[PDB]
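Participant: Can you read through this structure? Questions will come right after.
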Amino acid sequence: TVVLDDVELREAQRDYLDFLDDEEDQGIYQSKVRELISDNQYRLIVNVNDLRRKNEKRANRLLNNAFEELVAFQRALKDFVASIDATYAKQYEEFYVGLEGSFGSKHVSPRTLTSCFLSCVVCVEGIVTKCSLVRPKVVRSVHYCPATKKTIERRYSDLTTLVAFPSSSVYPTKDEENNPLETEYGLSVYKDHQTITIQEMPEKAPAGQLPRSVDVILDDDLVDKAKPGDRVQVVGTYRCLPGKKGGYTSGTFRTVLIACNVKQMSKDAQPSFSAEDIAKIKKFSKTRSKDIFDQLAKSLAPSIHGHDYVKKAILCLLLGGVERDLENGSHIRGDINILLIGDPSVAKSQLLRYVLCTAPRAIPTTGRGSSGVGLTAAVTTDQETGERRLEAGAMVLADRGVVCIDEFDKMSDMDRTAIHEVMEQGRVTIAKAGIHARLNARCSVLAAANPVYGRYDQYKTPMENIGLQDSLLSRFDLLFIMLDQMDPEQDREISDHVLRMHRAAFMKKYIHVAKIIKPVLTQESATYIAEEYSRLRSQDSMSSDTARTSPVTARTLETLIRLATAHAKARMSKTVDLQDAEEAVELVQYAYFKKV
Amino acid sequence: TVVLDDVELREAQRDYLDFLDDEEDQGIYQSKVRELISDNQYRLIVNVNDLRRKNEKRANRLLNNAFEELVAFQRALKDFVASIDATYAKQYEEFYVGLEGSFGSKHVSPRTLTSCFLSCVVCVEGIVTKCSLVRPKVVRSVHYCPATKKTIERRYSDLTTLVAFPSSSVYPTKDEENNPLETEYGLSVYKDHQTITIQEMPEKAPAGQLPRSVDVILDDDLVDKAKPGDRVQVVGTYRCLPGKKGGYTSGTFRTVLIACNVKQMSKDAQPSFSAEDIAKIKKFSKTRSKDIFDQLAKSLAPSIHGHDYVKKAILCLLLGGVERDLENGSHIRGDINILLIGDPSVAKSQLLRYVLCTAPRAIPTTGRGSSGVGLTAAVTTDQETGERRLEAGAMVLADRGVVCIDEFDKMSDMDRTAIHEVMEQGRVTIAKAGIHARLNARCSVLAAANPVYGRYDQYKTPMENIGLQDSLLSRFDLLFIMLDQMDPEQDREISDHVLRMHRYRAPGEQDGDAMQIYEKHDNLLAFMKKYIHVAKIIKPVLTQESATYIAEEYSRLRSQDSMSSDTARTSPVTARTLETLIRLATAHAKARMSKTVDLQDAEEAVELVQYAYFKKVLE
Amino acid sequence: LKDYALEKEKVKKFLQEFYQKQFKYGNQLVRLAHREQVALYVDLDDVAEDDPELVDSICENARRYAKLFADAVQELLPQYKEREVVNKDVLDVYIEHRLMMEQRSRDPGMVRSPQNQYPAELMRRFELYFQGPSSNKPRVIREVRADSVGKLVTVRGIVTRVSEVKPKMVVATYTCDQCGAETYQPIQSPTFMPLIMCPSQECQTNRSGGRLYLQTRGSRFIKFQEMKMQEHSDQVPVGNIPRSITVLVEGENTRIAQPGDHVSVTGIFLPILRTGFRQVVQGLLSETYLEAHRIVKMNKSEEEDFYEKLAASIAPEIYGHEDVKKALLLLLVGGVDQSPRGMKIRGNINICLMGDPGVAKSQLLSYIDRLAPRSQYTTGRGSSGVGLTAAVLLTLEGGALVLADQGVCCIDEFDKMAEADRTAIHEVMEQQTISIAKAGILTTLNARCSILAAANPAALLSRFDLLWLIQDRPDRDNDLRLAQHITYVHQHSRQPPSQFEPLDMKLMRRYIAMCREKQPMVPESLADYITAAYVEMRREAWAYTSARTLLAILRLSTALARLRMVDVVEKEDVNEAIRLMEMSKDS
Amino acid sequence: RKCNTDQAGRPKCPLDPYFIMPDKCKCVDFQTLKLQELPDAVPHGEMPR
DNA sequence: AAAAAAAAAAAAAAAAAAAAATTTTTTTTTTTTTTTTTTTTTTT
DNA sequence: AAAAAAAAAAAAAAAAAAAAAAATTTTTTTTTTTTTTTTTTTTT
Ligand SMILES: Nc1ncnc2c1ncn2[C@@H]1O[C@H](COP(=O)(O)OP(=O)(O)O)[C@@H](O)[C@H]1O
Ligand SMILES: Nc1ncnc2c1ncn2[C@@H]1O[C@H](COP(=O)(O)OP(=O)(O)O)[C@@H](O)[C@H]1O
Ligand SMILES: Nc1ncnc2c1ncn2[C@@H]1O[C@H](COP(=O)(O)OP(=O)(O)O)[C@@H](O)[C@H]1O
Ligand SMILES: [Mg+2]
Ligand SMILES: [Mg+2]
Ligand SMILES: [Zn+2]
């Protein structure tokens, strides 16, 4: 049979084509359809808030009835992109829609998702837990008869959550006169297929409760969108799977979520670019360049008083240096690592949490919160296919980002021996019997530690005040000392500022573009750094009662280069000048020399 | 499971697209396409000899395996007629391909339709036997759900020959929500369907053997092209049928012949002309219009001598008068009817066999061969529905045709009176308790009676010597008396003619073993059919002069003085004789292609009756 | 594929807004609401007067629009309803009671299932049919084929058979043995299965049986008739037998057609599924009937000297026989049927034309057959045996005489008929009945027909009322006159213009019916004169006659009074009757 | 185990014709809890029901 | 050096899935047979 | 020429052949979820 008339379907496609047109009203979806055409994509994404704004009743129909309205939507998109382009619409055979925006009662978690939302469009929060091996499902299978020289093509359809009989899912193996066929794999069509398992986000679940999880199904251009441990938010259709041919049914209908869209946490917001953003950042770059770093570091973490040099170093780690890779295969890392250490109540954890709130891909961890295998990667067994499997630790997740360690001194020594890999290479050489690997874990480490004896002993050398060895302090590019100086004006200003704060976005834009920027250094700066490091590498550099803090090394020179390049990234000059070199010299001097 | 490409189908469709492409050739099939598009007919008839000469291998392939081959042919036909006119090609979901030509080994008869010819387009002559009710068959059925304001179109595939599944045969009645669906009969689409039964002709069949017949399924386009009793040549696909589902089968496969086309095997509806032949007839008329009746009359029935008046009269019959149906349906007939009465061995039966071989839709009736219910129509019940059907008789078959009555004298009085209303009004009003009807048989009758005593006695009057009532001899409009004078002189005449015809041979075609307007004037001695066929249609109205003259001559004939004593009337002069005068005048004018009956034709008619009727009994 | 709600509003617009200014359909709607009218006939010419494309849609899709028109008029009745119906019929009482109780327990806000409703045809008490558009051409039964299925064809043909009005179920009604709620089962198929269990909400909730019983009392029936119509002879092709269509009649269309008449049916061609058969071809075939929406009877089944004027207008083709024409006109008009104590006397003339060949006996006979309102024609052995009488098919269906009952039977070659047919004809002449006592039949059929006979030369003289010798004998002047007449006929396809044009057959049948409905009396004054005339002819015949002769004179006198159109039998009437009898004698 | 929808003159639907349309059902939640005897209510020597 | 956390491997149980499966009876159709009417044919 | 007798025709009823029509859940398997035990690796 074929439907000739359908008021619902016809009006659905009419309303959709009207909505997706949008050229006369602000061109939102005209721009989006042109964008996916030019970018060669066929899964549009549609703001349900705008759909409600235009045709609210259509929106309610869409939400409360998913499969019918979505089929109507995707076919209307097919016709619309057919109008705007011909060969493209012919090339791509079916144009999907995904949904997005605010889904008031339907924006749920795997706990609150009851059967009330069956056949409806839900928006489920929560982490990912499983990610199946991606597999092609056959959708248009071509065969060639060797004897007859004729080619056929059986077809299939997405009978995922509808009635399915054996006739649809037969696959040819014989010709009509018993002349066995040969399948043409390349001429056929295929659709990758993955299945993940969302779980209620571990914090948001009520305490002492075994968590609730919901299965999710993924198809073309959605398979490798979320690995395990992703803070995903899946918008999709919640439905029932038919238990195949029965003769006795308990009535227990298993359920899934056919995902019509997949998103990560919004923090990784590299695309947020616009005319106002470029205008203001160009103003900032051009009208002032001799105090970009000073002003930015000053306004970095306004809540905490002082810490001028330490905050400047935080900004140095945040921007980073420049990863210098060599033709031979050598790689000299571009990322600074910092160890705050100081008296209690000197905002060490607050600087850490500041980085965690602001930076992209910033991972918290506390001293004995993660023990080894958590911090670096680990190797588990699949336990179904027998093979090994790699479980990415905090550092691996934090690759090209930052890890903030709190209670670093109270972190076990074994963990620090583990991060001996990462603190210079950015790579973890995990290995067990069945799998060897070399995982890119290239990420900065900010750390906080309290000194031995609970509080910093003012009248002892830093090597005696720190419970860490020359090796570890060398792996850290920067070590910083903070002491509560109890001077009267100091106490006055710190308490005044604290009470004042008891009574940004441009920075977020600036940081990642500056990270993108890759300056190069001048010969003036090169000679200057060579002779400055030579000055430092000398007993004459230090003096009695002013002991060094960390064992000065070629690492110290290299991290001075990273600091200078970082200041160049701040200045947007693409030229590490003597200004940057001098500033890095001042920073390393203050960080590396402390009195006794 | 849509096929991407098949070399066989692609090749066959290309070959037949070439075959239809007729411009570099004379344009025959292109002209056929254009005329059928103009007609709105949707079957094109392709000659198998044409197909064989252009590609013998495709002819072999098609005559060995029809249905898919003809699917290729018909798809090519649809593409071709779309190129000529896409708008018309869109009109019909399918177009069809009839056949014609020399089906040499593929010409058998239903006795000889063995199991070797399956899926092969067989050619078969035979007589119909049944005519099932032409009833619709649904092909594309539309439905409307009023609860959901929905419409559906279930689709059906004509699997009359292949395997058919219930999933294909479902007629929907409820939606997915168990709502009621109302059929949309008008919006649906149907094709007629009729079964018939061809039979081996008894003239062809073995003498002592039971009949053998084959079933024929005429779908649309071939609804009423075959009634019972007709001679028909059927060309089409003998196949097998599917037994309905069931876990058991005997091997039996009752078989049919899904006819690809059926044509009238009589081969007597033959107006086949050319423009040159039309011009030939036109000049033949106009150049010598005044002598043309005598030209035709002398021409007609060669291989017989004299009887020139009878040849003129049989021309008046065959050319026919003109039927008249006045304002209120008072139908005055326009056929001649001739009674040959004469001695034996006067070629009366030979004239009858001549008109049998020549006149289209001529049929023989013997004295006690055919009888009444056979002669005229009949009413009989069905026994499959208890309903009264009508069985058309010999005369009704011969409606607008000729019947040759051999030995008219021997038909008993019951049938001799049963022929009365067909003789005058050309209808048979039959009726029994269920059904009644007025079957129409506008027939013409050439009847060869023989005299009482086995030979005419010259001295006895014709009324004494004819064993037929004045009642009937009124209805007959001409009675021609054929005596064997037995004189040696006319015997020399007839004898030389007869033995010349015994000496005439097939010219050149034979060696010694036994079995154009004008003719090449063979010393020992077609267009007749052409000219008389065109002649039949003209309605030459009577002129005032002809009507007054024919009226006065009839009054003279009625008056007794017009016959001298010693002559005896052969048929009493009722008003039927006047109408005879008018009809013979019209037939002569039709011979002339006059467009008006003039005094020439009137005086010829009066000459005809004066010779025919009044006989000189001698003492 | 059109919005049927939109079209429903359009048909409402047409029904409400049509006028001609009297609001034809508005008044019919008022009559409907009052129940003074059980069937409404829509006129597609009137539809096309404003919306021809609507007529196009109807014709291409009829039964759908029958349903839509019916529903629209149902919806529109309360708008025009003025006063309460008088509850004429038990059906009307039932619909009133059902409306009462549903309005009682309605719960107006509440929503109910689609099946908890009265079937839409159960409450109508009005039929709706279409009168086909004049723009459509009347088809022929061979030409009406599968491409006309579901379409409003217009066809013409002779009705050859019709069953008697039987009641047909349209909505079966049932009553539970538990819940006291009626149940309704509509009907579409020719046959049906009756329900067993009750779908009432109470029965299902209590989980009791509720094995409902069928009630013939609370159900709806409609009158149902079926007729077998067939082609006229004239429109058959050359070699064929005429073809038949099975027309189905129901409602107020029944009891119109009777076996023999000529009809024109506007009807929806439809199929019927074929079940209980084992054919060859797969798929779905269908016996096709014709739902009849409008039956009409067409053609023969619809001035001091008026006698001579009408008499000379019978069969103007045939020349002369003017007094035979006068006598034939009397046979058509008839005399009077008086009702005395114990006896009944037929009032029908019988005429026999005994004649020489070629005097157009059959032409006169056929003209009478086609002219007469209810007529039949037999020619020799065409209709013998049970062709004149009735035979059983079971059902008893009439032959020529029974068809010509209350009419005219025209028999040709009277002398040559079979002995049995002659005997039956004699009984019909004597008593206007046929008493059959054959094997399958025992019956006394009522065959009231004037008999017109033709033949060529004692029983005839004794039986018949008038017997006319028409013998040709040659004559110069008169054969010239006949020749001039017939040759003018053959030239102009028309009679030669007399002083007055012959009157048309339609007006002829009209005047014959008007004269037939004008039964006059024989006075008391004229008894003396008519007795005198009768006794006089007895003297002359003594120097064949009998009481039949007096009855013939009386019937002819009454017929003459009928034709004269006023007053009672008179001197001039008896004079002309005796003149006709005396000219039969002179024949 | 029988398709009731009978169509005349046609072979019948197969023996076990029915498949559970998942799109068109009404479904409600359900939770299978485990309850245990109140520990005070348990007798001295006895495992909780 | 002892404790313990994790890993892999092994086993039990509940839910879903898999698999197995001709025979008897009824109805149309065809074909003859028999009765009774009609028709035709032979006799006085 | 009409009556009597016989033959054939028409129509209803019956007997067999062969193709259609109808009825028609229960037991076993086995994957998946869960728990349990012995061991090695790691931490106190
Ligand atoms: N320089 C500072 N200015 C303002 N507040 C400070 C400063 N140093 C410490 N604090 C306050 O101390 C509190 C806790 O300090 P925290 O970050 O826990 O240090 P630690 O990790 O040494 O305990 C915070 O509420 C923070 O505001
Ligand atoms: N007029 C004639 N001209 C020539 N030959 C004739 C003529 N009449 C009779 N014959 C011959 O006499 C034979 C008579 O045959 P046919 O006509 O069958 O018998 P009948 O004449 O008794 O009907 C014919 O074969 C024919 O050859
Ligand atoms: N008086 C007349 N006027 C016109 N036509 C006549 C007359 N008499 C006879 N005819 C013609 O004679 C023809 C034969 O008459 P017909 O109907 O056979 O009489 P019947 O049936 O008694 O022999 C008819 O076509 C008729 O028109
Ligand atoms: Mg702290
Ligand atoms: Mg007659
Ligand atoms: Zn009930």
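Going by Swiss-Prot, the residues shown for chain C are 3-22, 29-310, 329-419, 427-490, 509-594, 600-643, listed in order.
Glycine residues also receive a Cβ, built from the backbone N, Cα and C atoms like all the rest.
Residues annotated as phosphoserine in Swiss-Prot: C:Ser121, C:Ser365. Marked as ATP 1 binding site by Swiss-Prot: C:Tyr345, C:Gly384, C:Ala386, C:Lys387, C:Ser388, C:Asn489. The motif 'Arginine finger' feature in Swiss-Prot is assigned to C:513-516. For C:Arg514, C:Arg604, the entry in Swiss-Prot reads ATP 2 binding site. For C:521-564, the entry in Swiss-Prot reads region 'Interaction with RAD17', with the evidence type experimental evidence.
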Participant: Counting distance between Cα atoms, which of the recorded positions C:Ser121, C:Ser365, C:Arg514, C:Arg604 is nearest C:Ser388 (ATP 1 binding site)?
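Facilitator: Comparing Cα positions, the candidate nearest C:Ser388 (ATP 1 binding site) turns out to be C:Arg514.
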Participant: Enumerate same-chain residues with a sequence separation of six or more from C:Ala386 (ATP 1 binding site) and a Cβ-Cβ distance below 8 A; give 'none' if the list is empty.
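Facilitator: The answer is C:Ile344, C:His347.
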Participant: Which of these recorded positions is closest to C:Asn489 (ATP 1 binding site) if you go by CA atoms: C:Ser121, C:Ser365, C:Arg514, C:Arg604?
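Facilitator: For C:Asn489 (ATP 1 binding site), the closest Cα among C:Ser121, C:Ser365, C:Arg514, C:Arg604 is found at C:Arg514.
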Participant: As a check: which entries in C:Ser121, C:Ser365, C:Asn489, C:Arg514, C:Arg604, the recorded positions, place their Cβ less than 6 Å from an atom of ligand 3?
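Facilitator: Checked recorded positions vs ligand 3; nothing flagged, none.
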Participant: Return only the integer: C-alpha distance in Å from C:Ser121 (phosphoserine) to C:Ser365 (phosphoserine).
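Facilitator: Between the Cα atoms of C:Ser121 (phosphoserine) and C:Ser365 (phosphoserine), the distance comes to 65 Å.
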Participant: Whole-number Å distance between the CA of C:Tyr345 (ATP 1 binding site) and the CA of C:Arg604 (ATP 2 binding site)?
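Facilitator: Just about 31 Å between their Cα atoms.
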Participant: Can you name the recorded positions among C:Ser121, C:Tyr345, C:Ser365, C:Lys387, C:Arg514, C:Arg604 whose Cβ is less than 8 Å from some Cβ in chain B?
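Facilitator: Listed recorded positions passing the 8 Å Cβ cut to B: none.
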Participant: Looking only at C:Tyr345, C:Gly384, C:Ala386, C:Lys387, C:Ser388, C:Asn489, the residues listed as binding ATP 1, what is the longest Cα to Cα distance in Å?
Facilitator: 19
Participant: So among C:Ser365, C:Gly384, C:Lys387, all listed as recorded positions, which is physically nearest to C:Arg604 (ATP 2 binding site)? Use the C-alpha atoms.
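Facilitator: Minimum Cα distance from C:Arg604 (ATP 2 binding site) across C:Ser365, C:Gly384, C:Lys387 lands on C:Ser365.
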Participant: Long-range neighbours only, meaning 6 or more apart in sequence with Cβ under 8 Å: which ones does C:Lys387 (ATP 1 binding site) have?
Facilitator: C:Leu379, C:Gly381, C:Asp445, C:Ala487, C:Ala488, C:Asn489, C:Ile521
Participant: Are there residues of the same chain, six or more positions away from C:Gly384 (ATP 1 binding site), whose CB falls under 8 angstroms from its CB, and which are they?
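Facilitator: Expected: C:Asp523.
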Participant: Rounded to the nearest angstrom, how far is the Cα of C:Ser365 (phosphoserine) from the Cα of C:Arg514 (ATP 2 binding site)?
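Facilitator: The separation of the Cα atoms works out to 22 Å.
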Participant: Of the recorded positions C:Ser365, C:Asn489, C:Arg514, C:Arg604, which ones put their CB under 6 Å from ligand 5?
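Facilitator: Near ligand 5: none of them.
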Participant: Just how many other Cβ atoms lie inside 10 Å of the Cβ on C:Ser365 (phosphoserine)?
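Facilitator: A count of 8.
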Participant: Which number gives the other C-beta atoms within 10 angstroms of the C-beta of C:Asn489 (ATP 1 binding site), all protein chains shown included?
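Facilitator: Other Cβ atoms within 10 Å of C:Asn489 (ATP 1 binding site): 20.
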Participant: Hey, which of the recorded positions C:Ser121, C:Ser388 is the loneliest by Cβ count within 10 Å?
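Facilitator: Taking C:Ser121, C:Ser388 as the recorded positions, the minimal 10 Å Cβ count falls on C:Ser121.
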Participant: Around the Cβ of C:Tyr345 (ATP 1 binding site), how many other Cβ atoms lie within 10 Å? Please give the count over every shown protein chain.
Facilitator: 20
